[PDB]
Amino acid sequence: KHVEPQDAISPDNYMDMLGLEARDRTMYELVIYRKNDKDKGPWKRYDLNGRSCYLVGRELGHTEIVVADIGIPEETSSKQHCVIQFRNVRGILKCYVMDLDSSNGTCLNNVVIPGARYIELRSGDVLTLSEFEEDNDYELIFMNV
Numbered sequence: 051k052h053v054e055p056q057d058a059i060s061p062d063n064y065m066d067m068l069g070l071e072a073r074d075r076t077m078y079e080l081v082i083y084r085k086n087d088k089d090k091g092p093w094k095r096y097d098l099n100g101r102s103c104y105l106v107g108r109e110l111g112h122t123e124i125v126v127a128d129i130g131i132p133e134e135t136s137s138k139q140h141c142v143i144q145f146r147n148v149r150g151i152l153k154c155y156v157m158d159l160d161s162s163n164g165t166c167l168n169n170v171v172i173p174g175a176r177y178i179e180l181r182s183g184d185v186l187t188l189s190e191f192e193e194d195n196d197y198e199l200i201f202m203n204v
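Below, the structure is given as structure tokens:
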């Protein structure tokens, strides 16, 4: 149900406008961990700099068509579950999640977020793809650099 806000911008484009060389820029990523084995490292890492918005959704993949930028092998997640959205909010780069009215819900640090509304993200914030912890096999954590 998602269309980008008028102030949407990618971190790369934002940082370009300020004239910062790559070494002097804030890098954003989504670090994914498998809940059972976090003492083995990140399952996956996604760069979040090239785009202003990223679709998170189910990707089981043993015949199902791929739609989501970021695919999570979680049966209980929706195919278009939540979106990570960067905005230039009156001069400061800010990142938000929105739950796209998914069946099971989305949690930020184990607290259910309301649907159809942008919730501001902070570095370290742990996204999980259900209201209920038992349903979750993966943790998607938003990081600055």
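Counted the way the deposited numbering counts, the sequence shown spans residues 51 to 112, 122 to 204.
Note that beta-carbon positions come from the ideal geometry of N, C-alpha and C, so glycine has one too.
Between the alpha carbons of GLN139 and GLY69, how many angstroms are there, rounded? Answer to the nearest angstrom: the Cα atoms are 35 Å apart.
Going by other Cβ atoms of all chains shown within 10 Å of its Cβ, with 16 needed for buried, is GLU133 buried or exposed? Under this definition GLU133 is a buried residue.
Excluding five sequence neighbours on each side, which residues of the same chain lie with their C-beta closer than 7 Å to the C-beta of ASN147? Cβ within range, chain order: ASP57, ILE59, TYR64.
Given a cut-off of 9 Å on the beta-carbon distance, is the pair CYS166 and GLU190 in contact? In this structure, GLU190 lies closer than 9 Å to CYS166 by Cβ.
DSSP-derived helix/strand/coil call for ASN203: DSSP places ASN203 in strand when its eight states are reduced to three.
Assuming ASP184 and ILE172 form a contact by the criterion Cβ under 8 Å, report the distance between their Cβ atoms to the nearest whole angstrom. Here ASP184 is actually not in contact with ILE172; their C-beta atoms are around 11 Å apart, not less than 8 Å.
Under 9 Å, do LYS88 and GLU198 count as touching if we go by C-beta distance? Against a cut-off of 9 Å, the Cβ pair of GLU198 and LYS88 comes out as a contact.
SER182 to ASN203 span [Cα, whole Å]: A straight-line Cα-Cα distance of about 5 Å links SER182 and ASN203.
Please report how far the alpha carbon of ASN168 lies from the alpha carbon of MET67, in whole angstroms. Between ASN168 and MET67, the C-alpha separation is close to 33 Å.
Measuring alpha carbon to alpha carbon, tell me which of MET77, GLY150, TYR96 ends up nearest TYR83. Comparing Cα-Cα distances from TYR83 to each of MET77, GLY150, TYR96, the minimum goes to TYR96.
So if DSSP puts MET77 in a beta bridge, which residue, or which two residues, is it bridged to? Its beta-bridge partners do not exist; DSSP assigns none.
Taking 9 Å as the threshold (C-beta atoms), are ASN99 and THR135 in contact? Against a cut-off of 9 Å, the Cβ pair of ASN99 and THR135 comes out as no contact.
Mind checking which residues open and close the beta strand (DSSP E) that includes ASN147? Segment 141-148, the beta strand (DSSP E) holding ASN147.
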